[PDB]
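Residues per chain, in single letters:
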Amino acid sequence: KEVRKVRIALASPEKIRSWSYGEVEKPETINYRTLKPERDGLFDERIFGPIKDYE
Amino acid sequence: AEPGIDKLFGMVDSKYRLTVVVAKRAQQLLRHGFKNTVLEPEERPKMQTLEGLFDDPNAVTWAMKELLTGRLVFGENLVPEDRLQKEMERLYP
Amino acid sequence: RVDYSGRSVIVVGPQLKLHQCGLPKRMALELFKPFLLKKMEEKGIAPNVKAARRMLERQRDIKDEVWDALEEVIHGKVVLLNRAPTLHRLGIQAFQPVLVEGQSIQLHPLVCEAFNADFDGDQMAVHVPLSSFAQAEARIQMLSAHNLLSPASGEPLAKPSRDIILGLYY
Amino acid sequence: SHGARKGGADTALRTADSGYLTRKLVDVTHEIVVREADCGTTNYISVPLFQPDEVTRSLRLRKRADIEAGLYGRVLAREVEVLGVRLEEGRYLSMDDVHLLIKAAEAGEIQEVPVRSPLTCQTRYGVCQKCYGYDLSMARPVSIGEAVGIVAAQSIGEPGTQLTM
Amino acid sequence: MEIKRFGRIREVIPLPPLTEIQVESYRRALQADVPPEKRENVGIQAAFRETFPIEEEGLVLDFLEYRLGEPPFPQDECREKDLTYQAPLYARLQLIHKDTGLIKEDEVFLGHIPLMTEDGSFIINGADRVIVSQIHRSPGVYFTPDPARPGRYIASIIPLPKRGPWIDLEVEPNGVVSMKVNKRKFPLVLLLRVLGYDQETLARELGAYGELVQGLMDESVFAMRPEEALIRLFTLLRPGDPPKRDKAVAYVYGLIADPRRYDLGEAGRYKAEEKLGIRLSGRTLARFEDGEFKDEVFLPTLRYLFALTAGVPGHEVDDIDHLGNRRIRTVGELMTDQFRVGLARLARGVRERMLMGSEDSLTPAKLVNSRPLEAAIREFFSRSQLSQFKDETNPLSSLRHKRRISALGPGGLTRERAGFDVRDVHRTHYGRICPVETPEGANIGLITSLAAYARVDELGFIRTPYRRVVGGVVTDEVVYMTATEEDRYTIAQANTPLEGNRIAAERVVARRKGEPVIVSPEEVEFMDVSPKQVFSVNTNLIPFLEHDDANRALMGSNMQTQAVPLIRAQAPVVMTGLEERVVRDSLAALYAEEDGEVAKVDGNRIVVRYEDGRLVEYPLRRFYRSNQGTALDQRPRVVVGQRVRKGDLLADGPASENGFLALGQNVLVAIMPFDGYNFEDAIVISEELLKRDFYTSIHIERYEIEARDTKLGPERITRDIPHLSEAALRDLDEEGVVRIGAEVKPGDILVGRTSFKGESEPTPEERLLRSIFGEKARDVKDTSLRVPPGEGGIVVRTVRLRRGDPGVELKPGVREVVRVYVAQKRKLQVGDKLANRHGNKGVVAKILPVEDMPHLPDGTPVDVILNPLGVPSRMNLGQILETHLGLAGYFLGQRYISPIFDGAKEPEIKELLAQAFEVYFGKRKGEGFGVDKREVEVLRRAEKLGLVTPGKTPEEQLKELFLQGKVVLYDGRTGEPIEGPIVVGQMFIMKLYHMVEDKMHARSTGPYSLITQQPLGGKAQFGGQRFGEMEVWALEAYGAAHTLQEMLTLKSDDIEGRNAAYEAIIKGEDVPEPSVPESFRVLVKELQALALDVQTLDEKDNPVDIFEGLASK
Amino acid sequence: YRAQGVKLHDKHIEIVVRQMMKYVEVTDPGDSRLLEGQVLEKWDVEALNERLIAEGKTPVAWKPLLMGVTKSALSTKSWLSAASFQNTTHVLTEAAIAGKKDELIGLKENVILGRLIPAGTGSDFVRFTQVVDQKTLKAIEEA
Amino acid sequence: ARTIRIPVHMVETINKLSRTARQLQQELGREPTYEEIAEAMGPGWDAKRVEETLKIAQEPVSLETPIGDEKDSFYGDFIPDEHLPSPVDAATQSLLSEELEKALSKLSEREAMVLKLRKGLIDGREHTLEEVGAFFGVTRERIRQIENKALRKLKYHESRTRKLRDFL
Amino acid sequence: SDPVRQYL
DNA sequence: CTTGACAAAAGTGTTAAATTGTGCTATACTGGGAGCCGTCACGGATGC
DNA sequence: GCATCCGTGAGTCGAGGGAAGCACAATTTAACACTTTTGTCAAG
Ligand SMILES: [Mg+2]
Ligand SMILES: [Zn+2]
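By the method listed in its record, cryo-EM, this PDB entry was determined to a resolution of 2.80 Å.

The PDB entry lists chain C under the name DNA-directed RNA polymerase subunit beta', with Thermus thermophilus HB8 given as the organism. The record lists the entry's title as "CryoEM structure of the T.thermophilus transcription initiation complex bound to ATP-C, -1 dC in the template DNA strand".

By the naming in the PDB entry, chain B goes by DNA-directed RNA polymerase subunit omega and is assigned to Thermus thermophilus HB8. Reading the Function entry of the UniProt record for chain B gives the comment "Promotes RNA polymerase assembly. Latches the N- and C-terminal regions of the beta' subunit thereby facilitating its interaction with the beta and alpha subunits."

What follows is the structure, encoded as structure tokens:
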């Protein structure tokens, strides 16, 4: 529909986990050599989605 | 200033209603290619081009000029929005 | 930050009307580029829009018919002149662009006080309303020739000034 | 050069204060919009025409520019009968009406003018057309839907740079 | 063109070297020419002797000497190769084994010290840079009154910046003096006990004032031994840490007694002795000798504070803004501090390295790691606020920058935290800091310029010269003296009449502690050298300064820096006398070393055969681009066989005419309104200026491109660019770079480059397109360098640096870099900014044909028309007087030198105008012409206005107008005269660096930001105009709801909206209804990252998904 | 402003002063859940008071309150406009706990969301105006 | 210690390379070139490998680093987003589809579907001749003849109209 | 307030 | 039009090098270190 | 009452600015060949 109101509220741990598409278990950002994101890292493609459309 | 701007402001209770009518009329003219105009051929706005005089392509200029004539009826809850569009499509394909 | 926006130094246009401004041709070509590409496609200047955009890429590739089309593009339309700081609402006003040779915006003398603009090196930004609503609002509400009184006090704000008063007093 | 530097330093440090004040005024009044023709309130303010001078201990007429700034473009809450002229209730006060009221005050016929102001307006989230008065830019009754709160904040804040001199 | 000089003041000393503040300080810091044994304990030599020797507590690393080698590359090579002009530094260190008693010595390479050029600048990473001198509170002991409680004072002991904590001595209301250190307050009794002070000593010293001493006689700690008092104090200073003597004495000794951690400074030590009347052995608050603490300054500070509180006549408070209490840190001191900071880090690594790893087999080369030292020095010359990009628009610009004094920087004030007190003109600024030259705005008073005659002493205090006066006669002895010393004398004014050497005026205008007073000649003790010492170099270049308001004289001096060099630049008709010295001291021009004969003259070099028999060839810098793009070239001014004496001009530098500072053109100016083209500071010029190439300047723009190594493959700089015709590649040579001499316009390729395309399957429409046309998609794409919009010109140079070239240190992965220099000759055009020396500035608004400009009766048109309405409000009458004098010089064919505050006056200008009229009008009489009918009508109106005396002949009345600077001016359009006489004359106008060509910018679509997806900002990035909050308020006030919505969504960050809007326009349709901005989407996600549940609802409170289902699981 | 020669209508100052006097402080809770000393808008308490009288209950007794422009702005009902002004951490931490719902009444909230501001051409008074000629209307009237 | 993590073996190499460069820097009295560093590292090291190792050892730079004395400009304000298509790039893609659709209109009702399937204009992925055949019920040679026929008439229509060359 | 001091 | 021939490209499978991760090193070693005032001034809100 | 802690201080632009080594296992990746799809040429 159309946005008429905006509400802000505390986010429960159940809601925070419901937002997330996966838990980031490692601090690795990208591979230093291949420059691709590392698995379970801060830029992981399985968590946040593909880098390029439909691939 | 815009021609007849004092007359345009005196025809509405709020200056912002004038802008809505002009802009909505301008879109109606653009959508149907200026074939729904209430302006007679002697009254159509014209622009000076190298080849010669041609119809003014600015619909806002047309909408302001049409509204001074008094042949446009504007207001709130005149006709249903869907009914207005379908009728205007049939008359002006 | 907005698209369809430019900026250049301002000079005084005494020959202009109260509702007009001097928009440089080069600024207007870039500001009104999507409109110009459609107009170029309509005429024989370019076969399509993509070929039209290639023509404008190189300065030496621009023909003399493009400037004629640009005049047709901006016909009736207005642009917004803005000088910072916009202390009051008259810091943004709508003017009908007039294509001029050069690179400086020509400002009408009477709107200088509202803009708080002199010509010792001041600059202004140009903005292009796109839709019929945006054009109608600028041409009806924001037009320079329509805002002659001060909203703060009700006294005239576009009134004779330094040289204008001096000549009439003499 | 001592004064010139102080004046130059005053100008530099006043733009920040004036600009901050305008932002405060915008944010407190940004939601004020003329939302209806009339809120129906019978309240008003009596704009005084005479100022309580204390050096001479007497009432003296206020300056014309001061009375104009408080009476021009305002809807009369109550009927005023001055100098044989009947200013009916609901009448917007033009410059001629304001000048007429000052002329009547000089003759000792009226001391204050009851007008509708935003202070007594009962419209929620804004003001009404009859409590605001005239669009000073157009010298005619304000059109419903104008953001007077933004205009008011800009009107107050714009001359802030010139205030301290 | 003879030069006439005005004035009566005889200057006994010339201007000091204008760059000595930068040059002398750095020489004293490096000491690279004095032999090592004769080096004094200043500069980096003092830094070496401070940190060294280094002791492990049995290995000692001692320092013996240092030396600086020759720079690896010359100055020109460093600029071309993006190098730093620096000299290697070698330290001769010895390692001493305390156990065995054996010394090992070798010379260790400590890195490179950047070298200052002859003009006083640095070449850091190939860019000229200037270190701005910093002004700050001088270290020492200061006694300021307590504002909260009247009658009480606070004693502050200030060390060098980041060289110890500040110490506050204050008398508490309880009666006990408390010393505040590191935000911690504690009674001064405890530390005073640590310094071996007893009750008898305190009462004997401080007991002659009253109850104050009894408030410092708490016996609860007096009976306590000093060693325990130190432990008690140590716990107070740092609670929680384990209190032990070895950990307590080390902290207390380091706090106030360690020279390596606390440094009061030479200036601080001098100020303390001058104030407190003592003699410091060192530069520390206490000395730690024989295993016990000894007091240096606390008791003298405490005695002064008590006596000042009591009310003794001889003690007074200290003005912190007094320029005797404010010092200047020059480039030498700033670098030395950073040298000492890095050297301390080097010692720290050396200490931690000599205690680990083959201690028996150690050498000073292995222990010393020079990386910390180079890092600190490199950081100072690159990322420091005081290290500024050199301003070299013209020679005056570079000269001004080196003489600037800034209160900001690391260790100084803050632009927004600086009050009015620091920004004001103190009375002690007289002769030391220019009162008018300062950047108006947020930086007003925080950045200043050194006065013309002022020089910074060794301690950092600005001194100004004065002429000693004995018995009422002024001697030639000049004394340089600081503000604190200046306050003790009655100093007369340089304009005081002198009958030779004796003061003739019975009443002499003088200053006593900055206050103007009237004194007899016998009461005068010193005299000013000249009015020029009160103002800076820039302000001294403004003639008739006494007639200009300080607000506009500020603008005039500042704008002289922004004037570009012109191809036909001319020295002003009215000068002040510093035009020759500015060029001479800027090193932009070229002068003969001694007497000799010129052998070869060419546009590239000058060879002079000096009488010593040596042929010295002088290369001439030709068409060199300045940091600001202005072309800097030297033009020879000698011929073959010409005899030149020592100091004679050889080649004019940029913006100079025959050795005189030429920042603009001398044009005929009419002061009159002109059809509204003069409105609000706008300027009207004639087309004749363009015809003869006045205000025409050469500017060079540098374009850079790099060929880098990529994972897909290497970028190649080549002429074979895919999908391009020969017309696009016509001007590229075989190597892919544009040929030299080619004219390039926007969109033209400067360097051709091809980059490998990222491996990606094409879109299905492209695949059908390629299959239709039978064209195989290439593996490389066009990434060539093209001329940005609004730019262009003639290609004058191509610099190609490749990996492995001698001295070229390219970044890793960069195969090569190509630099293209495009120079354009810019003529004056509408929108270009002009100015004069008196603060009158404006942009050209109209260029008229020669037949349209108002012209003199002899047919001479004016060049510039100025609005007279800019005079009365600005009160800058100097331009009027320059115009009057210039009018006389125009007809007499001569120039003038009128020094500021002592120069041409109206009686002297009018007598020159009388001579000018005789050649201006007496020529007409000889030619056989009477008085014009049009002139007679103007004279009829002039006598009605009272400008001329009624009853005189028309020739006599015309002379009266001429003596007022006014002539009968005809109108080029109508032919009829202007109804009133017009002030017409010759004025010096400069063409400023701000041009409409470099400022015009426009944009429809282009780059967008990464996160917000909003358009970028800046002309260089092809960015949009910022529509800030105040602009949004203006649309809200107007009621333009749809215009505002477009600028918020359709034109900024509605990715779906902006793509549809552009597509709709090119198809001839109206733009669609916009959508939610991406910035709000970022706001929602950023708020969620803070664990805040932000949800957008509908009319019925049901959630609405603004992410289109892309974020819902 | 008068002493400096600046001419300004009293309306603009009275609009701001009206916002300063917008809040009240409860002195007697009465037959309500409000707390003594609680600060709330004058419109709300008057609307609550007339409501309580309708069902025959003791009305809330309040006291007029004056606050500065900064305090009046920061205590606005909409958290979006208050958070964008100042004390963003303080405004958001209270709004999140209270679960505040922003109705998007003023101009700043609509500007943040990129919506049509409820003023000028975006006001409900004029936004729904229709335009039609006398032939497209006459034909519709027949149906 | 690195935002872009580097393995221990490569981190040890970087430290060894830095020590070698530092030791040579003091010995030569200047910054060594990649040739001197490579020789001092030992066998298996050349200037190329030293240059690549230094390139790998480059820490990422923060997007929030201020530039200029004024604290109002950052690195992120100057880095364009080259991932999302620009309005011009998006518009020409839609223009190309419209022109391509008109060209395919002149093709037969059967040829157009085969060509769009082979070029992936329907499913988004190409279909092989057999799969296109399994779709319509013909052998692979039929599709290769239809595709070559449908793709040839488009060349004729394009050449006789020249309404599609600009997009290439 | 100092985490290092608190640990030590 | 389909059959078959026919082969180039693309797709599994093994597999060696190359790269990456992890464990271990035994005289004895046992509480850090940079900062350091033109401390920015001023109004508000909380607290004890 | 006062100490004490916290947040606030115009806009646009501009340019310049951009200190361990080893062994050993475990995993990943280039390198290779064989077969399988796909594409293509012929034929009738
Ligand atoms: Mg200006
Ligand atoms: Zn009302």
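Having seen the model, we can carry on.
Caption draft 1: Local environment of the overall build of chain C. Summing up its helical and strand segments, chain C has seven helices and six strands in all. In chain C, the order of α-helices and β-strands from amino to carboxyl end is β-β-α-α-α-α-β-β-β-α-β-α-α. With the C-alpha coordinates aligned to their principal axes, the bounding extent of chain C is approximately 55 × 35 × 25 Å. A burial count over chain C gives 71% of its 170 residues as buried. For chain C, contacts bridging at least 24 residues in sequence account for 70% of all contacts bridging at least 6. Carbon and sulfur atoms provide 51% of the accessible area of chain C, an area that totals close to 5,500 Å².

Caption draft 2: Broad picture of the coordination of the zinc ion (ligand 2). Residues and elements named next belong to chain D. The protein atoms that coordinate the zinc ion (ligand 2) are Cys39 (SG), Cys121 (SG), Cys128 (SG) and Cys131 (SG), at distances of 2.3 Å. Because the angles between the four donor atoms bound to the zinc ion (ligand 2) fall within 89 to 121 degrees, the donor set is best described as tetrahedral. The sequence pattern formed by the donor residues of the zinc ion (ligand 2) is C-x81-C-x6-C-x2-C. Taken together, the residues span a long stretch of sequence, with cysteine 39 in the loop between β1 (33-36) and β2 (45-48) and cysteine 128 in strand β8 (residues 126-128) at a distance of 89 residues.

Caption draft 3: Expanded view of the interface of chain E and chain C. Each partner contributes residues to the interface: chain E has 70 residues there, and chain C has 67 residues. A buried area of about 6,200 Å², summed over both sides, lies between chain E and chain C, and 57% of it is on carbon and sulfur atoms. Taken as a group, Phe679, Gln1025 and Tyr1038 of chain E account for 14% of the area that chain E buries against chain C, more than any other trio of residues on that side. Note that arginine 1003 of chain E and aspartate 3 of chain C form a salt bridge whose closest N and O atoms lie 2.2 Å from each other. Inspection of the region where chain E meets chain C yields 31 residue pairs in polar contact. For the side of chain E that touches chain C, the secondary structure elements donating two or more residues are β53 (841-848), α27 (1029-1038), α28 (1041-1050) and α29 (1055-1066) of chain E. Element by element, the count of residues in the side of chain E that touches chain C is highest for α27 of chain E, at six residues. Partitioned by chemical class, the residues of the side of chain E that touches chain C number 32 nonpolar, 19 polar and 19 charged.

Caption draft 4: How the structure looks around helix α23 (residues 878-892) of chain E. Residue and element names in this part refer to chain E. Here α23 spans 21 Å end to end across 15 residues, near enough to the 21 Å set by a 1.5 Å rise per residue. The buried fraction of α23 amounts to 13 of the 15 residues, a majority that puts the element mostly inside the structure. Once α23 finishes, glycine 893 follows within two positions and takes phi at roughly 60 degrees, a positive value.

Caption draft 5: A look at the protein's contact with DNA strand J. What surrounds DNA strand J is a group of 39 residues, the closest being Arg1 of chain C, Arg129 and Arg353 of chain E together with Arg140 and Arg144 of chain G. By atom count, sugar and phosphate contribute 62% of the portion of DNA strand J lying within 4 Å of the protein. One of the side-chain nitrogen or oxygen atoms of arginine 1026 of chain E is found 2.9 Å away from a phosphate oxygen of DNA strand J. Here the surface near DNA strand J is composed, by residue class, of 11 nonpolar, 11 polar and 17 charged.

Caption draft 6: View of the pairing of strand β50 (residues 793-802) of chain E. Residues and elements named next belong to chain E. Bridge count for strand β45 (residues 743-744) against β50 is two bridges, and the pairing is antiparallel. Within β50, the position partnered with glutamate 743 by the bridge is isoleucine 794. Where β50 lies against strand β51 (residues 814-826), eight bridges are found, and the strand directions are antiparallel. Directly across from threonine 798, in β51, lies its bridge partner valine 820.

What counts as what
Per-chain numbering applies: from 1 upward along each written sequence, possibly unlike the entry's numbering, with residues missing coordinates excluded. Whichever chain is written first is A, and whichever ligand is written first is 1; the rest continue in order. Summary scope: the chains shown constitute part of a larger assembly, and all values are computed over the shown part. Side-chain metrics in this entry use all non-hydrogen atoms of the structure; hydrogen atoms and water are not considered. UniProt positions are given in the numbering used here, feature names are shortened, and annotations may be inferred rather than shown by experiment. Counting from the N terminus, the helices are DSSP H or I runs at least four residues long and the strands are E runs at least two residues long. Three exposure classes are used, based on accessible area relative to the maximum for each residue type with a 1.4 Å probe and protein chains only: buried under 20%, partly exposed in between, and exposed over 50%. Should any heavy atoms of two residues lie within 4.5 Å, those residues are counted as being in contact. Working definition of accessibility: Shrake-Rupley area with a 1.4 Å probe, residue cover restricted to the visible protein chains. In this listing, donors mean N, O and S atoms no farther than 2.8 Å from the metal, or 3.2 Å for Na, K and Ca; water is missing from the atoms, so a site can look incomplete. Donor angles set the geometry label: tetrahedral for four donors if every angle is between 85 and 135 degrees, square planar for four and octahedral for six if opposite donors exceed 155 degrees and the others are between 65 and 115, irregular for anything else. Note on terms: buried area is the combined drop in 1.4 Å-probe accessible area of two parts once they are placed together, counting the loss on both. Whenever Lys or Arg places a side-chain nitrogen within 4 Å of a carboxyl oxygen from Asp or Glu, that contact is recorded as a salt bridge. Within 3.5 Å is the distance limit for a polar contact, defined as a pair of N or O atoms, with the added protein rule that one can donate a hydrogen and the other accept it, and that residues adjacent in sequence qualify only through two side-chain atoms. Classification convention: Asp, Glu, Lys, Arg as charged; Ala, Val, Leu, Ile, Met, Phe, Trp, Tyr, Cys, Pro as nonpolar; all other residues, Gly among them, as polar. Expected span of a helix, by definition, is 1.5 Å for each gap between consecutive residues, and there is one gap fewer than residues. The rule for a residue being near a molecule or strand is that one of its heavy atoms must lie within 4 Å of it. In this scheme, strands are said to pair when DSSP sees at least two bridges between them.

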